[PDB]
Amino acid sequence: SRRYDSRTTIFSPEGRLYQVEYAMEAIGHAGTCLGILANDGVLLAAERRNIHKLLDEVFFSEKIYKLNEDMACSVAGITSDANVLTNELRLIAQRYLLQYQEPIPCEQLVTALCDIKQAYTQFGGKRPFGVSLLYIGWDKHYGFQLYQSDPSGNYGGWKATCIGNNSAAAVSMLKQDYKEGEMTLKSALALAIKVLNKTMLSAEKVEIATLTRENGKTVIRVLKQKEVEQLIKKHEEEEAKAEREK
Amino acid sequence: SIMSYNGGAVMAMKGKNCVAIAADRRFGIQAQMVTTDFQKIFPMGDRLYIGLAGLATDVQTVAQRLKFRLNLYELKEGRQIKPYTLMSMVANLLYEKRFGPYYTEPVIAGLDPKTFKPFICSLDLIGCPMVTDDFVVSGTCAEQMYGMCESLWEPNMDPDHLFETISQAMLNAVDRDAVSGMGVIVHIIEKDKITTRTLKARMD
Amino acid sequence: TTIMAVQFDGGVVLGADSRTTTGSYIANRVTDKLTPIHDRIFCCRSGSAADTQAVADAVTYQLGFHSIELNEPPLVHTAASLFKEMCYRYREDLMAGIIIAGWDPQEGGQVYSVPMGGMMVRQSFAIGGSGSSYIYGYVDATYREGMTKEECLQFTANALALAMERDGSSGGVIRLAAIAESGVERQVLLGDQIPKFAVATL
Amino acid sequence: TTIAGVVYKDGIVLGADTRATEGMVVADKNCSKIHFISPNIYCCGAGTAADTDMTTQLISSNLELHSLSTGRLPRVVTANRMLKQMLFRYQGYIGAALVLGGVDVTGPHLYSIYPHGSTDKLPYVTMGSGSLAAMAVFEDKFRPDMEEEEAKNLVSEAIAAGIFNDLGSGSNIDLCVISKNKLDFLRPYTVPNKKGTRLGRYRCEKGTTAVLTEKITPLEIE
Amino acid sequence: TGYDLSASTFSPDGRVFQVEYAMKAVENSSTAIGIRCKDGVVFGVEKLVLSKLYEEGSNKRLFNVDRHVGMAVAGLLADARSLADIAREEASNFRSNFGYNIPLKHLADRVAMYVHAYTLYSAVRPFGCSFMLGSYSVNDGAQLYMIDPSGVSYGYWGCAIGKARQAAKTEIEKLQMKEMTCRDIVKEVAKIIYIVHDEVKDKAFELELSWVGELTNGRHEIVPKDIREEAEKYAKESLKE
Amino acid sequence: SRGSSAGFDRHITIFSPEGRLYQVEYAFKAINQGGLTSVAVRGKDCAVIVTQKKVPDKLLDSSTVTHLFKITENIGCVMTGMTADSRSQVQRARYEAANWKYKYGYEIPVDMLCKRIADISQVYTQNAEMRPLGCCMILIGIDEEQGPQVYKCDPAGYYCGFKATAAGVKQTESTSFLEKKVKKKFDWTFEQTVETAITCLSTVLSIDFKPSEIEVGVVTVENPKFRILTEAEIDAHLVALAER
Amino acid sequence: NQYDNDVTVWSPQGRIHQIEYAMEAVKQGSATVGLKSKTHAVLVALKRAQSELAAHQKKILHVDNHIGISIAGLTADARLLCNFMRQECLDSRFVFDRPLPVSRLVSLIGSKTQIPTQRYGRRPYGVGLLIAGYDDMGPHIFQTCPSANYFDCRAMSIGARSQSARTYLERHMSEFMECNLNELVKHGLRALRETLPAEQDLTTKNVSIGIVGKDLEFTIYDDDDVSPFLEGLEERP
Amino acid sequence: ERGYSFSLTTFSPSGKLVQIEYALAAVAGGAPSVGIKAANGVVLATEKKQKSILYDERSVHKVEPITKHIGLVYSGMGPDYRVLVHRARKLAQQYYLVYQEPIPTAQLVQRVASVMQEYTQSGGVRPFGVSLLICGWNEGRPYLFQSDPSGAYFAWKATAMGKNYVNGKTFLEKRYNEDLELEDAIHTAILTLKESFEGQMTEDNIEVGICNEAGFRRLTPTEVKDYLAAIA
């Protein structure tokens, strides 16, 4: 019926797609996720929002999903939409592996998902997915890679980026702190801890995943509470020394 | 006859706290050998393997589709699959083609991901599963393998003895089959390690 | 199999043997081939057991729903028509000869044959199954108009007994059912209750 | 394969041999042919093993949904109806011959179900390649309203007849006793056959097999 | 106020205004009456003639929906013809499936449910017609049913649909139709149609008469021309005096 | 808020700001449009449904005007509200019961039939393109295990078993009367249950019924088949009520 | 207003405004007249020219040997309906080897055009038809409307200013049955001329005729083939 | 008719899916429910107040078994809950048919939450107006999950839903303890319900289910009567 139809996939008089803009507004308030690319690996660091004291932990992590042997992602926005999209990502990766018997290159996976999102923005009369994703991966064509995609189906590769709450301030910090081509996993983790400290920290409030290569194999690992506590303490004493020096 | 088109033989055997899975290496078309290193045993976990005999195209297709399904299962569940669950998954896959069946008869051999208990089983081409406590076999030389295993298998074998038993069974069984052989590969699966060996075998 | 139904003033008498074979093996020797389709409507089944079971179940469902909708007792002719529609529509897939016999207030007692192929005919009496071939003459010689219910029961018992004696695919016990306004009276003749005819000697 | 069932005074006894063959070679010496349907309903299966397994699993799951929704114990007639309508839908191409037995609110019930979807409700039934021998035992010895031990012995004798006279049947005898107040899944109930003792030793000592290549992959443990 | 635009929307009072509007369409139509007597059913219709250009018998509002079932309509004629096609299909399908004439009550229920299906959705609109079904059989007697746009079906001894239904009902209630024959009832039907007809507003009209009963051997048919001429003479004589 | 509205929440089944479904409430209001009332009472070994019968026109064929329907030989129902909606729902219930018997081999229990109908209704409450039916169904029957059964389902998809219940214009007063009656005691005989139902209807309407003004349907453990009483039996009950 | 945009919306008065608007579509079209005698059915159509250099739009169409139609309203809808009618007549001749009776064709048109008047998003057909036919019951003039109603007429006129033609036809219909073909066509032409304004006049360019009868298959006369029928026509008042 | 093809849940300029928030308002107006995960089991409790004594309180249950080892309860709209229960039982059976193993609690919760999400984006439907508490036992471990109308799910040690659930959560925070056994968990759950309960609680006023190694089961009125007598 025409009367009740929301008209989700139509242009506005200024050439805008209002549902997509509103979905991006939704993502703007979600938990902060940041990705940093280094020479010897790539990391994701996400702010945990499920911080109630009676919550139980049963899973690999709250906001970081393994997509395949060589790729993981973090999601900011509508959680259930994110579950739908992560399942689709895993299916796309496995289909590629079935057809070619090699792992899907990261950008091909990102493009395949962004096609679905874009389709939801152009026809069908459905609301778009209210999810932005950060992807980290490794393949043989381009090595360590970090991508970002948004509800419009746009995507881009980054050396460092941030989505979710306070993403603009985090991006400014990364612009002024990232050394192109001169980043290690260790300094990348230090920078991630600093940036998350500014745009907000304590160990239970952040989950960190690293992706590295070991013996021609990809290792995706979520840092345990011990490692994150040590990183936070290292940042705290670094800041104490910096303050004292001045 | 369709499953004799390419030949081949796989066998699995249970030891004390270990399993063995073995396969012949020949890939041929009827009487002609094409290669002598065709893979018939595929890893499905750290301590879980599936051997596939029968039509080579169906061997490859079933291994690939099973890997598809297993990868999705292990991502979604966040855990390694148990051998019995893999057996059920394979049975479902094969039965889906009940009237268009894949021409392969898998064997599965592994250890429980949490308890490291030996597991072996076999399936017919439409997916009827059979779990056994001593040994299973599949392929063109099934009768020969049955004879050898019935005669040589003993309970509670340590890994070295299991290796010798399965190796002798496979070698002597395939020596009496024209379209199986050209080498034998054996995987011994234990709690702490996987030992892969290729045997000195007749190449005629 | 041998099935039979006979009309009498005020009702019908149905009868069947109880043998179900697979090849020459008797899988069931006390089969019940008289199936109630409704309170006062029965069918006798011959042919493939699976086909007649499925068709009779489908007709039972359809007729019960129809009777509920109309709030009236179903007509025997309606049950015969449903059977006919199913047997004709799937004549290439079904192997089912049916006799629909019953009582309704509008037309009294009625017998309809729905043989293989799905034609439908009303008859004063009907026989069917492999064994019926052996009793055609007998029935044609013995049937007469105005038989009472007791006479019809005896006639059916005799006919089925003869068929069973000759037909390897028939035998067991004789199941009879009399249907009238008052209801359905079922009985089983077995052993010495089955009519006997001496085998000629010398 | 030999499977059988009887109705006794207070319930059902089902029985099966435990051999599964491929052609004329024994594949499984310890095949379990009595399948769970519901806590009060069991099913022995002959014919195509995959067909039997899948059909009984499907009907068991559907009956579980039905019982969850109704909150009542399932009826044997429901299982029979579901099975027979499915089998008829497949026009005999699902090669499942079944002996379905249970105890529900209306007492004990035993059905034989044939691949084409025909069913028979009977006080005793046999199926499989050894069905005729077991049926001979039943016809010779069955009596109505036997006590539990008599019924167990009778079904066991029937399965034994199948085991010893049909090449397709062998190995152990499994029983399943169903009553309103219990279920006894006796696997194995009897072991009439056993492998003979191995007179000689054919133990392959270490080093007997020649090896071309070897590769040891250490596995990381928790 | 927005609540009356779709049949899939209840008003805050629990009414479905689109159905009521369809009923209004019915109410703005020339009247038809059915009368059940001991021997059968008689239908009369006041077919308004909107111009002399039309052939006599144009836009008939009495239909044969089955050998034994006649149908009289009021409201949107095209909707009524659609419902008559539906009724004919129902009767033919019933004969095909069950092998005998559809009972009138069952046919009325089936057509009423078809009508009801159009009262639930925004995709379609309710039918704009009311109609009566009449039948006579040896086993069932004489049956007269009426169905309205909401899909409500009821059996009647005397029924009037259209714009003069209340006055026609007042006139019908004066007859003891339960102990009358079709031959007298046709005259009474003609008289009632002539009484309720508005001579000023409605201009000219044709009387349409049909019946089904013992005298027709259970077949629904137009009343023979001589019978109708006698009935119309009686109705005019009753009016003039 | 209270009675707040956003968007189209008064026209289609979408949540209002309070989490309400206004169209469902409006269907409940539509139930009362018929102007009638029915009551159902569960006895020890019987269940009874009484309902108003109204035939304002003497031209109506009173036999065809009823709200009691056989769903199965052992299940009967009384429908309240919009008549055509009620007839469609009765047709659906008959279909569900016949299909149940065809698929499972035993008669559908009353509770399961009520659940099935309620699930269909719930679907009407979540899909926007159709309206809910404006009717309420009360089913009675004898379950071999639970005994007599009275169940009710409504346009919200909500259903429940009852000791006694009512539907229609005088639902609230009927429920108050029946609540007092069941509080005082509940172990009623067949005559007692019928008289309780009739008294509930008479008191809420304040009428003393002639036989032709009400309809009665009963199931009993002795005769589980659903039976609709005749004016003779109803008048016998009415006289046995007046005398006391 | 809120009631006058969809065919599935009843107005509070019990009307369906979209159908009335389609009626207007018909009332805009150029006049056409149909009439009949005991033996013949005649359609006479006044054709419009959009420009003085354009040909006049054809208003009479063939359907079958025994059936022709005159259209008034949207011409694309007219073509849709004409194609449907042609297919129905072809189906009748294919299956029963007999011409489709005119009344049955009209009933089929009624069902086809009623369907869209009840479904959301559909519109009524925006064309009115005069159908001239001959069958075993004699000649027939039918009028079909966007409302899906149809009428069996002694004579009819539809289109712009057709009320004048209807007045003439009402006046003179007593004479149509016992008219020969020439007198019948002349009556049709006078009726059609009544629709014309004073400045306009009937010529061989803006008039088309269609005739069907017992021994005459449906024939359309255009251009000079109309001159024989116009020759005997007197001068208008 | 065929259903509307456009979504009835769309983004607002602030980035909110307001229909989901309204379904959550419906949930918050539901009857209180409580879940507590003990060391050796899980307890689901829910207020089950009937409008009148005429209601046969033992005819419809709010605590439902999904599988031998999985049960659930809800806050919000009952009919929606029945829909979700039917879907959950179907999903569990499908999992069992493929894997021949009882579905893990987390997997069942994920599948049901997927269905609930589908009802926030598909055409012509509203979201479910319910929140579910799903309890299960597998791998020798108890599991307590909550699934919301939006299709988001969370793992809890203890939680409360429905009317007055914020006070219930504070109360559970104060009382809860990871080491307590199942019987202590049942006592704590009933106490949590008592906080927001109107009138006296009886074994017929509340419904309780428990999941442990043996499986999930609804407690009987006699067992609940014993626990209530102990609570006093």
Side-chain angles (χ1 to χ4, degrees), chain C residues 67-72, chain E residues 105-106 109 112 152-155, chain F residues 31 34-43 46-55 60-94 96-97 110 113-114 117 133 135-142 148-154 162 164-171 174 190 193-194 196-198 200-202 205 209-220 223-238:
Chain C
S67 167
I68 292 283
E69 294 332 287
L70 300 196
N71 202 74
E72 266 137 358
Chain E
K105 188 181 224 323
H106 183 55
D109 286 354
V152 172
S153 203
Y154 281 132
Chain F
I31 285 171
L36 299 181
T37 299
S38 63
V39 168
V41 191
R42 203 231 289 155
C46 90
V48 175
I49 53 192
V50 186
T51 183
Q52 298 186 250
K53 212 197 176 92
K54 284 213 216 130
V55 188
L60 266 165
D61 191 16
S62 293
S63 151
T64 68
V65 188
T66 177
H67 297 271
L68 302 176
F69 304 87
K70 265 166 47 56
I71 306 311
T72 72
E73 298 299 313
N74 302 315
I75 295 173
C77 95
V78 57
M79 303 295 304
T80 319
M82 299 161 66
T83 298
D85 286 4
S86 294
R87 289 297 281 276
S88 87
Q89 201 162 71
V90 160
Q91 188 55 223
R92 188 57 172 280
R94 291 166 161 173
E96 294 306 320
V110 175
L113 177 62
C114 198
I117 297 309
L133 299 178
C135 61
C136 154
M137 175 194 284
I138 295 167
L139 301 161
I140 58 164
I142 312 294
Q149 303 269 75
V150 179
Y151 274 81
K152 187 166 81 171
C153 46
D154 64 41
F162 292 86
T165 199
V169 177
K170 292 296 183 244
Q171 179 192 6
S174 292
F190 170 76
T193 321
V194 175
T196 298
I198 284 157
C200 184
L201 224 67
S202 74
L205 310 180
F209 298 120
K210 305 164 182 321
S212 90
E213 277 149 9
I214 54 139
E215 293 175 357
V216 193
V218 306
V219 289
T220 86
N223 193 38
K225 302 221 286 294
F226 176 63
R227 176 170 48 101
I228 296 146
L229 300 206
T230 50
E231 272 107 335
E233 275 132 45
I234 293 178
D235 213 346
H237 284 291
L238 294 157

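In the text below, chain A, chain B and the rest are named by the order of the sequence lines, each starting its count at 1.
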Legend entry - Taking every non-hydrogen atom, the tightest pair across F:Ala97 and F:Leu113: N-CD1, 4.4 Å

Legend entry - F:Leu133 CG to F:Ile31 CD1 distance, which is reported to the nearest 0.5 Å: 10.0 Å

Inset, instruction - Mind checking the CD-CD1 spacing from F:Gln149 to F:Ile75? Nearest 0.5 Å is all I need. - result: 10.0 Å

Legend entry - Rounded distance [0.5 Å steps], CG in F:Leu201 versus CZ in F:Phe209: 4.0 Å

Inset, instruction - Apply side-chain contact (heavy atoms from CB on, under 4.5 Å) to F:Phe226 and F:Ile49, showing your working. - result: CA-CA 11 Å; F:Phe226 176 63; F:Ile49 53 192; 3.7 Å; yes

Legend entry - Residues F:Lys53, F:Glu231: salt bridge by 4.0 Å N-O rule: no

Inset, instruction - Report yes if some heavy atom in the side chain of F:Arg227 is under 4.5 Å from a heavy atom in the side chain of F:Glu233; otherwise report no. - result: yes

Legend entry - Closest contact, heavy atoms only, F:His67 versus F:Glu215: N-OE1, 3.3 Å

Inset, instruction - Assess whether side-chain contact (heavy atoms from CB on, under 4.5 Å) is satisfied between F:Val150 and F:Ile138, documenting all intermediate values. - result: CA-CA 7 Å; F:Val150 179; F:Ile138 295 167; 4.1 Å; yes

Inset, instruction - Starting at OG1 of F:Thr80, measure out to CG of F:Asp154 and round the result to the nearest 0.5 Å. - result: 11.5 Å

Inset, instruction - Report yes or no: does F:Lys152 contribute a side-chain atom to a donor-acceptor pair with the main-chain N or O of F:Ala166 at less than 3.5 Å? - result: yes

Legend entry - Test item: F:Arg42 side-chain N/O and F:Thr165 main-chain N/O as donor-acceptor pair under 3.5 Å: no

Inset, instruction - For the residue pair F:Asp235 and F:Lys210, establish whether any side-chain heavy-atom pair is separated by less than 4.5 Å. - result: no

Legend entry - Rounded distance (nearest 0.5 Å) linking atom SG of F:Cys114 with atom CD1 of F:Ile71: 11.5 Å

Inset, instruction - Please answer whether the main-chain N or O of F:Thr37 pairs with a side-chain N or O of F:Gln52 as donor and acceptor at a distance below 3.5 Å. - result: yes

Legend entry - Under 3.5 Å: donor-acceptor pair, side chain of C:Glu69, backbone of E:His106: no

Inset, instruction - Would you mind reporting whether F:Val90 and F:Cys77 have side-chain heavy atoms less than 4.5 Å apart? - result: yes

Legend entry - Min side-chain heavy-atom separation F:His237-F:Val216 under 4.5 Å: no

Legend entry - Any donor-acceptor N/O pair, F:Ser38 side chain to F:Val50 backbone, under 3.5 Å: no

Inset, instruction - Please examine the side chains of F:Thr83 and E:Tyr154, heavy atoms only from C-beta on, and report whether any two atoms are closer than 4.5 Å. - result: yes

Inset, instruction - Specify the closest pair of heavy atoms between F:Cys46 and F:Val48, including all atoms of both residues, with the distance to one decimal. - result: SG-CG2, 4.0 Å

Inset, instruction - Drop me the distance from F:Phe69's CZ to F:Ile228's CD1, to the nearest 0.5 angstrom. - result: 9.0 Å

Legend entry - Considering all heavy atoms, the nearest F:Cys136-F:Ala167 contact: SG-CB, 3.9 Å

